[PDB]
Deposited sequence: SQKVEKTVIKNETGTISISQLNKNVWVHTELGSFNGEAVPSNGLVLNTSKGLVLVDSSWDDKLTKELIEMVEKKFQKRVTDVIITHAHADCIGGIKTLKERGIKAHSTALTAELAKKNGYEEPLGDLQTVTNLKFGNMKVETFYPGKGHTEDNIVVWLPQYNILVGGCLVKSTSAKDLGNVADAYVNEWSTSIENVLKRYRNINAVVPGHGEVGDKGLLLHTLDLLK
């Protein structure tokens, strides 16, 4: 099941019952998650900017007939925190680590909550979510999201997709530490099913090994 906007720059597809993957084109595609809970919609990352972000929010609210209550910002880059202004004026809580919050202000973005610690467990209705800071990699502040009831890992931009041969923007990256950070994710979650990369299609733990390979 896949739903798109008239333009084709925004799509939302179902992973399973309450988990969907949203993708926006900026033409570079960017992934995020949409969690349908008994108490509102929770998103993992926003979109490139405020127009795409408002538009994404509008679609999911229309489809599920619920409000987006929270959003998890994985790092301080446009494809993740691009629509923080949109989120704040709609009363949407933008969760982020303290580091991500200061880096956002540093990049001229409105500041997220800065409430997430190294390991944080959030539960929205019946939907369990865990955020984990593995260390520096793609950016200094990048975190991953884990859904223990489905064993789905949102590696975000710390993980590259299967056909990706480029690590992307490393001007802000910590290439050398990146590998150790992926290892921490691997040691922390032993039984991973699906992993969502920041760009590209959903895969498995093989995506993390693939990324470590690119990093060698």
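Participant: If a residue lacks a C-alpha atom here, it counts as unmodelled; so which stretches of the deposited sequence fall into that category?
Facilitator: Gaps vs deposited seq, in order: 1 to 6, 33 to 37.
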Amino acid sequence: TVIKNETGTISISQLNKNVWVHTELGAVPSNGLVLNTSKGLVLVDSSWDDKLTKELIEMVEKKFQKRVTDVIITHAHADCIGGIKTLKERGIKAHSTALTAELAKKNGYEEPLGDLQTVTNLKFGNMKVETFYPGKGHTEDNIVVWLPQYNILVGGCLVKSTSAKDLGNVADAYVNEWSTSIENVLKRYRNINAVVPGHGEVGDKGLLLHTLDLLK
From here on, numbers count along this sequence of modelled residues.
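Participant: Mean C-alpha B-factor higher for 122 to 130, or for 135 to 143?
Facilitator: Result: 122 to 130.
Participant: Would you tell me which stretch averages the higher CA B-factor in the PDB entry, 186 to 194 or 160 to 168?
Facilitator: Stretch with the greater average CA B-factor: 186 to 194.
Participant: Lowest, middle or highest third of the chain for the C-alpha temperature factor of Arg67?
Facilitator: It falls in the bottom third of the chain.
Participant: Compared with the other modelled residues in the chain, in which third is the CA B-factor of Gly32?
Facilitator: Middle third - that is where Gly32 ends up once the chain's C-alpha B-factors are sorted.
Participant: Lowest, middle or highest third: where is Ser181 by C-alpha B factor in its chain?
Facilitator: Bottom third by C-alpha B-factor.
Participant: Based on the deposited C-alpha B factors for this chain, I'd like to know if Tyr174 is in the lowest, middle or highest third.
Facilitator: Lowest third, going by the recorded CA B-factors of the chain.
Participant: Looking at the temperature factor on the CA atom of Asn107, which third of the chain's modelled residues does it land in?
Facilitator: Its C-alpha B-factor, which the entry lists for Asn107, ranks in the highest third among residues of this chain.
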